[PDB]
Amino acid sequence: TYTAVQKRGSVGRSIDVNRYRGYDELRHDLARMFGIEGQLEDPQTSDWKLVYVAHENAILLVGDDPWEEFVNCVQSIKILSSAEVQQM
């Protein structure tokens, strides 16, 4: 019932997204957990692409949706490098 978070070359993590207030908190925390602090909080500054798995297995950008809908549909979360993105 928790949400897996994956990042290439790191040990995966698992989180209850309902613990979070919204996207800023979620990002800060994930930056902490993956030793990547500072690099997710500003999605305009940050190279990484914070992304999630959705019904019909559709990969979507985190933060487009209002928080409530995201919480209700998110199946897992990935942090993607620019290269991973270019390899999709």
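When you see a residue number, it is the position in the sequence shown, counting from 1.
Set 59-67 against 36-44 and average the Cα temperature factors; 36-44 ends up higher. Annotation for 25-33 versus 50-58: the higher mean temperature factor (C-alpha) is found in 25-33. As recorded in the PDB entry, 87 shows the highest C-alpha B-factor of the residues 81, 6, 3, 87. In the PDB entry, a CA B factor belonging to the lowest third of its chain's modelled residues is recorded for residue 14. Per-chain ranking of the deposited C-alpha B factor places residue 76 in the lowest third.
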